[PDB]
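Chain by chain, the residues run as shown.
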Amino acid sequence: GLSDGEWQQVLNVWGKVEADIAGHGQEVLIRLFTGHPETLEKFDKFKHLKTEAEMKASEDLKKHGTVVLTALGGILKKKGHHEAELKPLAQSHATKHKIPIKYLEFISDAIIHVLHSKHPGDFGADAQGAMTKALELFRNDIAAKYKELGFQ
Ligand code: HEM
């Protein structure tokens, strides 16, 4: 649950992402894959990537980064009223991709890391607080659907 002022911070930060969605999406996935190499094994189309240089050179990884952040941005713009947008993603990630909630924690922290890396000194403590709360809400509502499905 976020206040109006917190949502305003989230959507202000998101403007930074929308200026370069592919570059942000690429770096988020690279941070996930290099920090948590077990996550790469869930992607049949990226498991061939052995080095970060190959990851950086992969145009399909940048494409998928655009898909991921476009979906997340659509959810964030609903300011919590995201049941219709979130349900299909919860279902596909639990039942088809088999993504444990832990990996959603990993990618949430990766987003925070990338924002500081690309905007050092321009991602203030209030903005980090609000973005963190928004990603916690996203993860918590996914977790509720995971529990319904019995997925661990
Ligand atoms: C912010 C969190 C995430 C968002 C918004 C997101 C979004 C998406 C979307 C929109 C798709 C394509 C449609 C679909 O299959 O539902 C997708 C596919 C997929 N996601 Fe995610 N995802 C997220 C996190 C993760 C994480 C953490 C993992 C694994 C560590 C993951 C694994 C996958 C896989 C394996 C696919 C299929 C890729 C393919 O072969 O095309 N997702 N995701």
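Basis of the calculations
- Residues numbered from 1 in each chain as written, not as in the entry; some residues may be left out.
- Heavy atoms only, no water.
- Helix = DSSP H or I, 4+ residues; strand = E, 2+ residues; numbered from the N terminus.
- Buried < 20%, exposed > 50% of the residue type's maximum accessible area, 1.4 Å probe, protein only.
- Contact = heavy atoms within 4.5 Å.
- Salt bridge = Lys/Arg side-chain N within 4 Å of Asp/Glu carboxyl O.
- Axes fitted to C-alpha atoms, helices over the stretch in contact; angles between N-to-C directions.
- Parallel < 35°, antiparallel > 145°, perpendicular 65-115°, else oblique.
- Left-handed = near helix turned anticlockwise from the far one by under 90°.
- Nonpolar A, V, L, I, M, F, W, Y, C, P; charged D, E, K, R; others polar.
- UniProt positions renumbered as here; feature names shortened; annotations may be inferred.

1. Side note on the environment of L72
At step 1: Tracing the backbone through its elements, the reader meets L72 in helix α4 (residues 59-76).
At step 2: Looking at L72, the relative accessible area reads 8%, which means it is buried.
At step 3: When the C-alpha atoms of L72 and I21 are compared, they prove to be 11 Å apart, with 51 residues separating the residues in sequence.
At step 4: The residues touching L72, leaving out its near neighbours within four places in the chain, are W14, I111, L135 and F138.

2. Let's talk about the pattern of salt bridges
At step 1: The final tally for this structure, using the stated rule, is 10 salt bridges.
At step 2: A salt bridge links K16 to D122; the nearest nitrogen and oxygen atoms lie 3.0 Å apart. Taken as a pair, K16 in helix α1 (residues 4-18) and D122 in the loop between α6 (101-118) and α7 (125-149) lie far apart in primary sequence, 106 residues in all.
At step 3: We classify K16 as partly exposed; its relative accessible area is 22%.

3. What to know about the packing of α6 against α7
In helix packing, the relevant descriptors are the interaxial angle and the interaxial distance, both defined with respect to the helix axes.
At step 1: Taken N-terminus to C-terminus, the directions of α6 and α7 make an angle of 165 degrees; their axes are 10 Å apart at the nearest point. In this view, α6 runs roughly antiparallel relative to α7, as classed from their interaxial angle. Taken as a pair, α6 and α7 cross one another with a handedness that is right-handed. Within the contact between the two elements, α6 uses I101, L104, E105, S108, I111, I112, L115 and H116 and α7 uses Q128, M131, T132, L135, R139, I142, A143 and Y146.
At step 2: Here the residues of the contact of α6 with α7 are counted per class, giving 10 nonpolar, 4 polar and 2 charged.

4. Quick look at the UniProt feature "binding site: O2" in the protein chain
At step 1: Taken from the UniProt record, the annotation "binding site: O2" applies to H64.
At step 2: With respect to the helices and strands, the residue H64 is situated in helix α4.
At step 3: Exposure remark for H64: the relative accessible area of 19% places this residue in the buried category.

5. Remarks on unusual backbone geometry
At step 1: If you check the backbone angles, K79 has positive phi at about 50 degrees while not being a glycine.
At step 2: As for its position among the elements, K79 is in the loop between α4 and α5 (83-96).
At step 3: A positive phi is found at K98, a non-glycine position, where the angle reads about 60 degrees.

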